[PDB]
Structure formats: structure tokens, C-alpha cells
Amino acid sequence: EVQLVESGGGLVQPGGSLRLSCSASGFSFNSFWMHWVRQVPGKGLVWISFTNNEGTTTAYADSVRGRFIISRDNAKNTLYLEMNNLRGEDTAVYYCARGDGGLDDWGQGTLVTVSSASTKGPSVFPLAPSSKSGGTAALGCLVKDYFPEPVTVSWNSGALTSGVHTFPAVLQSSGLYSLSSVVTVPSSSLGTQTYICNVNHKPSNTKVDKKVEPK
Amino acid sequence: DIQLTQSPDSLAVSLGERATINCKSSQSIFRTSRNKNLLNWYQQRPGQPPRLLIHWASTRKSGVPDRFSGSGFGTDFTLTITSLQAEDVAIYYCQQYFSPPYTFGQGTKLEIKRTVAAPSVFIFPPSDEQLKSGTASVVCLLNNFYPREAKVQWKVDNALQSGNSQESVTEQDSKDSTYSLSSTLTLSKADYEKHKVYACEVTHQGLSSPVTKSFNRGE
Ligand SMILES: [Cl-]
């Protein structure tokens, strides 16, 4: 497999600096152009920068020219984006992509949040199944009052994936995010099967395993 | 800068039918020396990185179904998707690879049209653990419905609520082409404890008439 893995994203003060890394494996790194592209959550792809094979040619989007620096270390199979004088408009998921015919083998991306707001870990509350949808029961976890994004939610440590809906976070009047993760399961399982939502808010070092029990 | 304009912004097409998505470049992106229109098409499925479909305007990437085809010359390009599948739900982007910055179109959001599917409705009272903290969150879940349009009204002792709920909706599912939606009613503990009947009323095309799910506080 060609694998690109972005890292170095997180919460940064406006005017601050961050360095993103993209670790490349499963191909000849020094043979291909490399690109940075970003996406504000719920918005479109915005091309940010590229470098040619050896780093002798680079370019930048108008909105980042003079603030960002792309570079690569062909010996270490790593692409970098140095980001200086960050603003709110730089808040986005940052992707690296390999140039072949088009941009290929995109990584999962790393979220950069440019904000002066404080990290806050979520409270996790159960959404308990109750004595009534025929053979189908719903249960979940309310992940309330966190900043910044993201939180990840798995069920039974990733063993339960069918019927899982993790809703997009909503920003509350407070300026803290909230979301629910729900799952539908057979009513027949409620008496014997344990249901635990595994919530991780890495920005605040908040990990919660919440057992959701029928009530 | 080369500006790419996609049309339409939104496209709803039924399973098995044909989708047409256009991309207009503000200048030619034909590189004479390479004899190629340097246009790329991407599919970005909900919660996933972009996938390269086509480069050089019409060359399909290995592993991409022949249902996807790119056409056009100079400034006018087209992505055609024949025999639309559930897994094609995505935002589609064009991008020029002709001259930096290597600009993207604004995207075309592709909705899969399927048969009407009524929501399953579930209500969740606030947890005892949350009530200890001084707040009550009441959650109403509409699971696996189509189409997207749905009305959710909160009633507390039969008073219609305003200003105190937020909705969140999933992207269309890649397999069954349905949406799910959460409505969360947020009250102070004190307000929660002054009322008995908490009700979520759902209106949707798939229902004969509005469905109410409710509970009595403390029962
Ligand atoms: Cl762009």
C-alpha cells in the first residue's frame, strides 16, 4: 500500500505557528510531487501548496503565501508544512497527497484549530434503551460541552460498527460542542450484551468508557 | 489564478440512473507539449479522504469503475456517472493541474434518490448523572429515513417548545441511502423538574400522520 499519514495538527493561538508532517511509505518518495490541500469541515477542498521531487520548485495559495513553507526530507520520506501567523481562516483539515496523474493516496488528514478558546474535555452521559421499535432497540452516548473538535466514539472497543450513527457536533450558544453517538441493536440482545461507548477527546486528554444499561 | 466553476451545486439522481456534473475553467488547461487537458475529478464520500477518479480530463485511475467517465476540451469538462450506486453518494470536485495554484471547483454534492423510508423514532430522558450537574438534555432520534425533509417538535406538558433545541443530521448512508437525525432539548434541571410529560413529535412523508414518542419524568 502507498500510505500517507499527516500529524502535528491541534489547537493553536491566532498569530501562532505549527509544523505539520506527512510520513510516506510504500513508494519511492523522491520520485513524485507532493501537495497540501485543506478543507474547513462541511466546506470544499482548497489547494494550499506543492513541491517538485527535490524541493527546488514550490508554490502556495494566495491566502497563505509568505506565511506557510512547504519542505520535504527525501532521506526520511517526510513532507512538512510550516504554518506561521495563523488566523481563524486557516482552521481546517490538512491533507497531504502524492502527485501522479492527479493527487492520489490522500491521508486521513490532521485538524488545525486556530482559536484563543481554552481546551475543555466533554461530559459523557448514557442514552439508555427503555421498555419501548418491535425487534430493534436504540441506545447511545451524549458527548457534551467540549472544545475543540474532534472527539472519536467507538462502541465495545470497535467490535460494534453496524447500525452506529455518530452525529456531527453542534456548536452550542456557550461556544462548546456537543454530539450524540447512537446505535440500533436487536432488542433480543439487551438482557445479555454489554454496550460501552469509548469516547476520546485527545486535545483535553479525556478518555471515557461509558457502559449504557437498559433502564 | 484559474477559477473552476462546477454545476450544479447539488444533484439528486436515482439508483441505476445517470448523473452529469460540469466543470468550467476560466482559461484553457490544455497543455500542447503534453497533448492533455490537465483536469482531475475526485469523489469524497462522507467522513473520508478524497479519491482520484480521473486525471488528464478522461483517463480513469486503475480500480475506478467504468461507470465514471470524464469528457471535454479546453474550458468545458464533464463527469458522467452511469448506473448510479448507493456507494456513489459523495461530493465530486474538479481540479486543474495546469498552473499553480492547482485550484479545485467548489464541489457538486450528489444525493442518491431512493424509495421513501419512514424514520424509526426513539426518545431518551436525561441521565441521573447529567441531572446532578444542573442540566437536562432530552434526545429524540429519527433513524434511517428518506427523504431528508423531517419536522421535529418538542412538547413539554403540551406546550410547543421554541429556541431550546438543536438538530444534527448524518450524511446519506453509503449502503441504504438513508439519513438519521438527533434533536436535543436542553433545559435547566429546575425547568425539567417543573414539568411531567416530555414528547417528541415527528412529521415525515413516510408516516401516515405525525408520530409522538414521550415519557413521564420519573416513570
Ligand atoms: Cl483551491
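Residues numbered from 1 in each chain as written, not as in the entry; some residues may be left out. Chains lettered and ligands numbered in written order. Heavy atoms only, no water.

The PDB entry annotates chain B as Antibody 4497 light chain of Homo sapiens.

You'll find chain A entered in the PDB entry as Antibody Fab 4497 heavy chain, with Homo sapiens given as the organism.

(A) Representation of the sheet that holds strand β3 (residues 19–25) of chain B. Residue and element names in this part refer to chain B. Strand order in the open sheet made by the four strands is β1-β3-β10-β9, with antiparallel pairing throughout. Looking at which strands have only one partner, the edges of the open sheet turn out to be β1 (4–7) and β9 (68–73). Taking the axes of each pair of neighbouring strands and ignoring which way they run, one obtains an average angle of 20° across the sheet. By the bridge criterion, four bridges tie β1 to β3 in an arrangement that is antiparallel. In the strand pairing of β3, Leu-4 is matched with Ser-25. (Pairing = 2+ DSSP bridges. Helix = DSSP H or I, 4+ residues; strand = E, 2+ residues; numbered from the N terminus. Axes fitted to C-alpha atoms, helices over the stretch in contact; angles between N-to-C directions.)

(B) Focus on the interface of chain A and chain B. Contact with chain A, which involves 47 residues of that partner, is made by 40 residues of chain B. Both sides together, the interface formed by chain A and chain B hides about 3400 Å², and carbon and sulfur atoms give 63% of it. When the area that chain A buries against chain B is broken down by residue, the three leading residues are A:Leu45, A:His165 and A:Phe167, summing to 17%. At the boundary of chain A and chain B, one finds two salt bridges. A salt bridge links A:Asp104 to B:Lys61, with the nearest nitrogen and oxygen atoms 3.2 Å apart. Linking chain A to chain B there are ten residue pairs in polar contact. (Contact = heavy atoms within 4.5 Å. Buried area = accessible area lost by both parts, 1.4 Å probe. Salt bridge = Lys/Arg side-chain N within 4 Å of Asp/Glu carboxyl O. Polar contact = N/O pair within 3.5 Å; in protein donor to acceptor, adjacent residues only side chain to side chain.)

(C) Looking closely at the domain arrangement of chain B. All names here are of chain B. Domain parsing of chain B yields domain 1 (1–113) and domain 2 (114–219). When each unit is reduced to the centre of its C-alpha atoms, the spacing between domain 1 and domain 2 is 38 Å. Across the contact, eight residues belong to domain 1 and nine residues belong to domain 2. Here domain 1 and domain 2 share an interface that buries about 750 Å² over both sides, 46% of which is from carbon and sulfur atoms. Taken together, the connections running from domain 1 to domain 2 amount to one salt bridge. As a salt-bridge pair, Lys-109 and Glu-171 come within 3.3 Å of each other at their nearest N and O atoms. The interface formed by domain 1 and domain 2 includes four residue pairs in polar contact. Looking at side-chain class alone, the side of domain 1 that touches domain 2 contains four nonpolar, no polar and four charged residues. (Domains from an automatic or database assignment. Nonpolar A, V, L, I, M, F, W, Y, C, P; charged D, E, K, R; others polar.)

(D) Structural view of the side chain of B:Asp88. Residues and elements named next belong to chain B. Examined against the element boundaries, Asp-88 turns out to sit in the loop between β10 (76–81) and β11 (90–96). Since its relative accessible area comes to 0%, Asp-88 is described here as buried. Residue contacts for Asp-88: discarding those within four places in its chain leaves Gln-43, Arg-67, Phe-68, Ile-81, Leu-110 and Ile-112. (Buried < 20%, exposed > 50% of the residue type's maximum accessible area, 1.4 Å probe, protein only.)

(E) Examining unusual backbone geometry more closely. In this model, B:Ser7 is joined to B:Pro8 through a cis peptide bond whose omega is 0°. With respect to the element layout, B:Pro8 can be found in the loop between β1 and β2 (10–14). Cis geometry marks the peptide bond from B:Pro100 to B:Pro101, where omega comes out at -5°. Its identity as a non-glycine residue notwithstanding, A:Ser157 has a phi of 55°, on the positive side. Among the structural elements, A:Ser157 can be located in the loop between β14 (152–155) and β15 (164–166). A relative accessible area of 65% means that A:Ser157 is categorised as exposed.

(F) Looking closely at empty space enclosed by the protein. A volume near 30 Å³ is recorded for the largest cavity. If you trace the largest cavity, you find it lined by A:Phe125, A:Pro126, A:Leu127, A:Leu142, B:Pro125, B:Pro126, B:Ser127, B:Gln130 and B:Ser137. No other element matches the three residues that strand β12 (residues 123–127) of chain A contributes to the lining of the largest cavity. Of the residues that constitute the lining of the largest cavity, the class distribution is six nonpolar, three polar and no charged. (1 Å grid on protein atoms, 1.4 Å probe; cavity = no way out; pocket = protein on both sides within 12 Å on 5 of 7 lines; lining within 4 Å. Points joined across faces, edges and corners; volume = space filled by probe spheres on them.)

(G) Fine view of the state of the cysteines. According to the stated counting rule, one finds four disulfides over all chains in the structure shown. Across a sulfur-sulfur distance of 2.1 Å, A:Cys22 and A:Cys96 are joined as a disulfide pair. Taking the sign of the S-S torsion, 70° for the link of A:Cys22 and A:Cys96, the bridge is right-handed. A residue pair is termed long-range when its members are at least 10 positions apart, and A:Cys22 in strand β3 (residues 18–25) and A:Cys96 in strand β9 (residues 92–99) qualify at 74 residues. Taking the relative accessible area as the measure of exposure, A:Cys96 reaches 0% and is therefore buried. Residue B:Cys140 pairs covalently with B:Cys200 via a disulfide, S to S 2.0 Å. Judged by the sign of its S-S torsion, about -80°, the bond between B:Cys140 and B:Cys200 is left-handed. On the criterion of sequence distance, the pair formed by B:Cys140 in strand β14 (residues 135–145) and B:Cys200 in strand β19 (residues 197–203) is long-range, its members being 60 residues apart. (Disulfide = S-S within 2.5 Å.)

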